[PDB]
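Mapping of the sequence shown onto the authors' numbering: residues 2 to 368, in sequence order.
The beta-carbon is built from N, C-alpha and C at its ideal position, and this holds for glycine as well.
Notes follow the structure.
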Amino acid sequence: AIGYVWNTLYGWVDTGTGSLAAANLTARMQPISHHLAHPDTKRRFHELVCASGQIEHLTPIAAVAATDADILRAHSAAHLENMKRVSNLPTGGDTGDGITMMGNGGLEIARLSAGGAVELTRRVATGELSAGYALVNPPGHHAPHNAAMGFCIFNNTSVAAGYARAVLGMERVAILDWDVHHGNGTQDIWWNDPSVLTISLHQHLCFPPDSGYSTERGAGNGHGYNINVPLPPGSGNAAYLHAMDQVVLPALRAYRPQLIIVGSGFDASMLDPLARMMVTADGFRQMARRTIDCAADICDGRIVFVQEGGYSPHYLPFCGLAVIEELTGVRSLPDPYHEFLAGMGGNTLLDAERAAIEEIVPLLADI
Ligand SMILES: O=C(CCCCCCC(=O)Nc1ccccc1)NO
Ligand SMILES: [K+]
Ligand SMILES: [K+]
Ligand SMILES: [Zn+2]
């Protein structure tokens with residue numbers, strides 16, 4: 002029984018009229034209809050879930066607004082307070098990094114995004130659902146304990162993990178983040194804490210800058226329970242699956258989480274503007290399959306996917322659909338870009354990709 006979260010307001014996130022930063026006359030950055038992070042990309046994934054008939058194989062789960070209590074399990078009081086402040090401003094405004102915006106009352110959507118993750122998590126853990134996908138927006142993984150950052154207001158997976166820890170009494174939770182950018186926020190939150198294993202695969206130094214080196218391993222009792230797997234630009238299916246087989250899956254098995262939460266971004270895709278990676282819908286399909294099978298093995302199948310980044314409105318929907326299909330076990334639509342993208346490469350493990358991955362294998366010892 003597979004749960005699925007979509008809220009209409011996920012598609013109503015106001016990304017303004019700029020490209021990344023706001024439009025800017027002095028810099029001559031012309032206004033544009035669709036900001037890189039415009040909600041249409043994720044809405045098209047939702048609509049494809051419905052139009053493809055996958056929705057008939059899913060159990061719709063209503064998002065519930067994350068409470069202050071919920072948020073403070075992952076975030077500082079100062080941060081919550083600050084988000085309330087910014088959300089209450091007449092126009093809303095900058096959440097702190099000059100780029101991540103929230104409109105007036107935008108906290109509502111932020112709360113629904115984190116709360117979608119929490120609700121799906123709650124229902125998978127009760128045993129009502131076997132697994133699910135929370136197609137939330139805004140994303141979460143850059144938001145650290147005490148800030149918003151990189152389109153992220155709250156760290157959705159960390160709020161969910163926190164809930165699983167405090168409310169559901171789970172001793173260990175794993176967050177596996179395959180969004181192409183470093184999950185610095187998640188890393189920060191659980192830095193000193195061995196009870197949440199935080200793994201990030203990412204294009205090395207893609208975003209944030211100066212972040213996501215494999216030397217970043219946690220501290221105190223949490224040392225050895227943060228694993229960064231920085232990969233070179235041009236990495237594709239072969240590199241991603243090698244990282245899964247050599248680091249990710251071994252790591253999950255060593256750690257023995259009671260729940261696996263996947264920060265599922267699709268910005269590693271072949272056609273994404275915001276990274277240089279070569280993962281195809283079939284690549285994501287194999288990644289999802291391995292992780293679900295792993296959960297079946299080690300934590301009674303308890304696996305919760307939570308949407309992170311991805312910026313191709315054309316291609317993201319098919320990458321997302323492939324993951325949904327691995328959840329439902331109904332595989333009823335081709336990737337219509339498959340042959341076009343297959344010819345481009347990425348499906349051979351290059352020596353430099355193998356070496357980047359090899360660099361992390363020794364860290365498994367400390368789990
Ligand atoms: O998919 C994503 C988004 C990655 C890119 C976000 C960039 C936001 C940004 O431009 N931040 C910034 C850059 C320079 C100075 C200050 C803020 N998250 O994983
Ligand atoms: K940790
Ligand atoms: K990542
Ligand atoms: Zn990303």
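Residue i, DSSP secondary structure in three states
i: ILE299; result: helix
i: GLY163; result: helix
i: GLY133; result: strand
i: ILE33; result: coil
i: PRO337; result: coil
i: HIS315; result: coil
i: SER270; result: strand
i: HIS243; result: helix
i: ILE293; result: helix
i: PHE208; result: coil
i: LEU351; result: coil
i: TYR214; result: coil
i: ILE3; result: strand
i: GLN259; result: coil
i: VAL248; result: helix
i: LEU253; result: helix
i: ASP15; result: coil
i: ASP95; result: strand
i: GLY221; result: helix
i: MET150; result: strand
i: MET345; result: coil
i: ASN25; result: strand
i: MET278; result: coil
i: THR158; result: helix
i: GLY321; result: helix
i: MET171; result: coil
i: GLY284; result: helix
i: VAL362; result: helix
i: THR199; result: strand
Residues near residue i by beta carbon distance below 6 Å, same chain, minus five either side
i: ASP367; result: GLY225
i: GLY12; result: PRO40 and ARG44
i: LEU169; result: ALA126
i: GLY347; result: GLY237, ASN238 and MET279
i: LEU130; result: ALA2, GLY4 and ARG124
i: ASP273; result: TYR312 and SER313
i: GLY94; result: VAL87
i: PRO318; result: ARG45, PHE46 and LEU49
Residue i burial status per 10 Å Cβ neighbour count (16 or more: buried)
i: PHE208; result: buried
i: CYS295; result: buried
i: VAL362; result: exposed
i: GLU327; result: buried
i: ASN25; result: exposed
i: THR92; result: exposed
i: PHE341; result: exposed
i: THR27; result: exposed
i: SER88; result: buried
i: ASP352; result: exposed
i: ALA269; result: buried
i: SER34; result: exposed
i: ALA22; result: exposed
i: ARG112; result: buried
Integer Cβ distance of residue i from residue j, believed to fall under 8 Å
i: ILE200; j: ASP178; result: 7 Å
i: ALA75; j: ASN193; result: Rounded, the Cβ-Cβ distance is 14 Å, inconsistent with contact.
i: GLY310; j: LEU275; result: 7 Å
i: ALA149; j: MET84; result: 7 Å
i: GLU354; j: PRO251; result: Rounded, the Cβ-Cβ distance is 18 Å, inconsistent with contact.
i: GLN204; j: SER265; result: That pair is no contact at about 16 Å.
i: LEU90; j: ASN105; result: 7 Å
i: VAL331; j: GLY133; result: Between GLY133 and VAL331 the Cβ distance is about 15 Å, and since that is not below 8 Å, they are no contact.
i: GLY213; j: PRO231; result: 5 Å
i: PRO145; j: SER114; result: Their Cβ separation, rounded to whole angstroms, is 17 Å, which puts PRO145 and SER114 out of contact at 8 Å.
Limits of the alpha helix (DSSP H) - the one that residue i falls within
i: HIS80; result: 78-89
i: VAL125; result: 108-126
i: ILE190; result: 185-190
i: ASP71; result: 69-73
Other residues of its chain near residue i: CB distance less than 8 Å, five sequence neighbours each side excluded
i: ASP211; result: none
i: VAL50; result: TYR5, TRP7, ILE56, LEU59, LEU136, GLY321, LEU322 and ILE325
Proximal residues to residue i (C-beta, below 7 Å), its chain only, five neighbours per side dropped
i: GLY54; result: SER333
i: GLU217; result: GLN188, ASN227 and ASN229
i: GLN247; result: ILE358 and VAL362
i: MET345; result: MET271 and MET279
i: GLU172; result: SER196 and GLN259
i: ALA165; result: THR122, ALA126, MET171, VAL174 and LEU260
i: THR349; result: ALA239
Range of the contiguous beta strand (DSSP E) that encloses residue i
i: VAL50; result: Run containing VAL50: none in the beta strand (DSSP E); it sits in the alpha helix (DSSP H), 41-52.
i: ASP178; result: 174-178
i: residue 369; result: Because residue 369 is not part of the residues shown, which for the chain are 2 to 368, the question remains open.
i: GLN55; result: Where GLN55 is concerned, there is no enclosing beta strand (DSSP E), given that its DSSP letter is neither H nor E.
i: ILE304; result: 304-308
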